[PDB]
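In this analysis, Cβ positions are derived from the backbone assuming ideal geometry, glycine residues included, and neighbour counts consider all displayed protein chains. Values quoted throughout were computed directly from the atomic coordinates according to the rules given, and no laboratory measurement underlies them.
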Amino acid sequence: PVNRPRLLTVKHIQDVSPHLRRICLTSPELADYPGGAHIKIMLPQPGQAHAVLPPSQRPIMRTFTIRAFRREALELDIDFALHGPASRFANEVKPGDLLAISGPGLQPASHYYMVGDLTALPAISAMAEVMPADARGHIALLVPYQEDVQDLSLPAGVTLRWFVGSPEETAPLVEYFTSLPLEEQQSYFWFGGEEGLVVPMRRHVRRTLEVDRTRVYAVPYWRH
Amino acid sequence: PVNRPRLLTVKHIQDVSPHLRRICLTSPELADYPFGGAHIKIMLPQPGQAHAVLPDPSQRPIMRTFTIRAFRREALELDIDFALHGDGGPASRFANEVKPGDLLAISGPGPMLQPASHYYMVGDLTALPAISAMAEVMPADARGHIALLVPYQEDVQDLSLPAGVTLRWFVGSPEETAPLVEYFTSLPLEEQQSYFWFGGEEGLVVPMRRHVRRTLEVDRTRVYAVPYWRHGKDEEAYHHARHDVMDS
Ligand SMILES: Cc1cc2nc3c(=O)[nH]c(=O)nc-3n(C[C@H](O)[C@H](O)[C@H](O)COP(=O)(O)OP(=O)(O)OC[C@H]3O[C@@H](n4cnc5c(N)ncnc54)[C@H](O)[C@@H]3O)c2cc1C
Ligand SMILES: Cc1cc2nc3c(=O)[nH]c(=O)nc-3n(C[C@H](O)[C@H](O)[C@H](O)COP(=O)(O)OP(=O)(O)OC[C@H]3O[C@@H](n4cnc5c(N)ncnc54)[C@H](O)[C@@H]3O)c2cc1C
């Protein structure tokens, strides 16, 4: 069973940003683990010592991004957008703690248009690491604090602009992204994160432009 | 059965170069297909069959090995790139005659790009889909050298690579390997934290693997040396020769 749930150990923790914590996880069971995919982390219910994997004892599940996966080092990285059960795991985390995770569930283009918040930053960073060096386009990020503006190495022709504001101030960013000229041929639209970012941009793209099913990734990561 | 053979249909065809044909295959059976550019077996009908008979051993299909060039789960699409030629064989016939709506049976995958700081890769058009698939997931600071042998100047194509990876194209027939081999043996190679990948025709893979075995000491796990085919021999004549090359 190569997609089974696995119990992994926190190797080390790191705060790349004030509200972005990178937790490294390890286990010999990573050797046959199946780019930037999403997993479900499985947390114990209140009262349980640990997640009960396989029915009223089932764990609480949240969806997250595989930030990085190093098979040879038996290591898997998950970045937590600090702010629920997942947030209390991310705050109280200590090395040695258990986290159960599920199995996993970027397109070639000339133009990349992306928008996200801090819950979409790991997906964007992972995608940046394998982005084609000649890529063109624009990335817009809405962070809650000016001190979570952080460095993100990009291809030379991709633009990056930060927007500091609360999840409700989807207004400077959305205006700016609706203003920019967008290519509808040989392009990839990636919208992730909060409720009020994915959907304004997704109707913006299927209003002003004719692009196909396959080249619009608009997935709300949560709902305020 | 997540690795069962699946019968796919051709969605569309595309010539990325005159002798490299990207066939895009689709099926709702691709939804649970496992996740770099792995190998697969394609199953073609025998001479007396109208179509492949998926698993009476008299109805076993002919098998060829090919690379998954790209795979898009959401779109239910899988890309295989065929090195066009005119020396015959069932896979060549499938690629030449291919129309949208044609069928192709495929196996499951049998990791390709290994973590390293230096990458040294050689191949021909049969290895270009694997090398392309591996190149587009290399880190931006990866380094190394890639040399390709193609039969015609028009089959040279863009492969965007990390800035630190050299790319050098050699035009010639599969007999004419000596310029490529001279050039690649002239390059200084890192023996630590490196991955060597040799694929394509036998007369590229074997001299390069021997060069690496003579002038450096690299563990076997950091050298890929798989001859994809052999000039003048069909897969039926070559299957066990190829096994004896790889286990040598
Ligand atoms: C495919 C996918 C990948 C994701 N990857 C990541 C990832 O790598 N890192 C990551 O941090 N998140 C990621 N998310 C988002 C993640 O699901 C949310 O952070 C999750 O809702 C928070 O879990 P929780 O148990 O702390 O909160 P929940 O109990 O689920 O939500 C409770 C409340 O928290 C509030 N809230 C305040 N700030 C936030 C916030 N930043 N995120 C969520 N809720 C918030 C909301 O009002 C919500 O109603 C991803 C989501 C998807 C769909
Ligand atoms: C791991 C692996 C991955 C491979 N991936 C690919 C891939 O992605 N794409 C791909 O095109 N091939 C790939 N190959 C090679 C492919 O299996 C051979 O080209 C195979 O011989 C093609 O079968 P055929 O039926 O067309 O020709 P066959 O019936 O095997 O042979 C007929 C004749 O044509 C010659 N010949 C065979 N193939 C070629 C060719 N490509 N160019 C010129 N002459 C040829 C033979 O030497 C023989 O004389 C791969 C091989 C391996 C081992």
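Only one of B:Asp158, B:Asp141 is surrounded by fewer than 21 Cβ atoms within 10 Å (Cβ to Cβ), away from ligand 1 (no atom under 16 Å from the Cβ) and more than 22 Å from B:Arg222 (Cα to Cα). Can you tell me which?
B:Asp158
Please enumerate the residues belonging to region A:87-100 that are under 25 Å from A:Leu152 (Cβ atoms) and either surrounded by fewer than 18 Cβ atoms within 10 Å (Cβ to Cβ) or away from ligand 1 (no atom under 12 Å from the Cβ) (or both).
Within region A:87-100, A:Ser87, A:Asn91, A:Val93 qualify.
Looking at (1) within 12 Å of ligand 1 (Cβ to nearest atom); (2) out of contact with any strand residue (DSSP E or B) (no Cβ under 7 Å at 6 or more places or on another chain); (3) within 13 Å of chain B (Cβ to nearest Cβ), find the lone condition where A:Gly105 falls short.
Of everything listed in (1) within 12 Å of ligand 1 (Cβ to nearest atom); (2) out of contact with any strand residue (DSSP E or B) (no Cβ under 7 Å at 6 or more places or on another chain); (3) within 13 Å of chain B (Cβ to nearest Cβ), A:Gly105 misses just condition (2).
For region B:70-88, state whether one or more residues are out of contact with any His (no Cβ under 6 Å at 6 or more places or on another chain), of a type in the set (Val, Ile, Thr) and within 18 Å of B:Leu128 (Cβ to Cβ).
Yes, some residue in region B:70-88 is out of contact with any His (no Cβ under 6 Å at 6 or more places or on another chain), of a type in the set (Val, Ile, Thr) and within 18 Å of B:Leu128 (Cβ to Cβ).
Kindly list the number of the only condition in (1) within 14 Å of chain B (Cβ to nearest Cβ); (2) among the hydroxyl-bearing types (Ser, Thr, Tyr); (3) within 15 Å of ligand 1 (Cβ to nearest atom) that fails for A:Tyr33.
It is condition (3) that A:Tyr33 fails.
Among the residues of region B:42-60, is there at least one that is away from ligand 1 (no atom under 16 Å from the Cβ), away from chain A (no Cβ under 14 Å) and within 17 Å of the chain's Cα centre (by Cα)?
yes
Among the residues of region A:206-221, how many are farther than 22 Å from A:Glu194 by Cβ and of a type in the set (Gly, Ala, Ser)?
So the answer is 0.
Checking the structure you have, find out if any residue of region A:42-61 is out of contact with any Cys (no Cβ under 7 Å at 6 or more places or on another chain) and under 30 Å from B:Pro139 (Cα atoms).
Checked against the condition, which is being out of contact with any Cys (no Cβ under 7 Å at 6 or more places or on another chain) and under 30 Å from B:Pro139 (Cα atoms), region A:42-61 yields no hits at all.
Filter region B:1-30 down to residues that are under 27 Å from B:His85 (Cβ atoms), surrounded by fewer than 15 Cβ atoms within 10 Å (Cβ to Cβ) and more than 14 Å from chain A (Cβ to nearest Cβ), then give me how many there are.
Looking only at that region, the number is 3.
If B:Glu74 meets every condition in (1) of a type outside the set (A, V, I, L, M, F, W, C); (2) within 14 Å of another protein chain (Cβ to nearest Cβ); (3) more than 16 Å from ligand 1 (Cβ to nearest atom); (4) not in a helix (DSSP H, G or I) apart from one, which number is that one?
All conditions are met except number (3).
Does region A:142-168 hold any residues that are hydrophobic (A, V, I, L, M, F, W, C) and closer than 30 Å to B:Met134 by Cβ, and which are they?
Those that are hydrophobic (A, V, I, L, M, F, W, C) and closer than 30 Å to B:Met134 by Cβ: A:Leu152, A:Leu154, A:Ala156, A:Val158, A:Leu160.
Kindly indicate whether any position in region B:35-55 is touching a strand residue (DSSP E or B) at 6+ places or on another chain (Cβ under 7 Å), at positive phi and surrounded by 13 or more Cβ atoms within 10 Å (Cβ to Cβ).
Yes, because at least one residue in region B:35-55 is touching a strand residue (DSSP E or B) at 6+ places or on another chain (Cβ under 7 Å), at positive phi and surrounded by 13 or more Cβ atoms within 10 Å (Cβ to Cβ).
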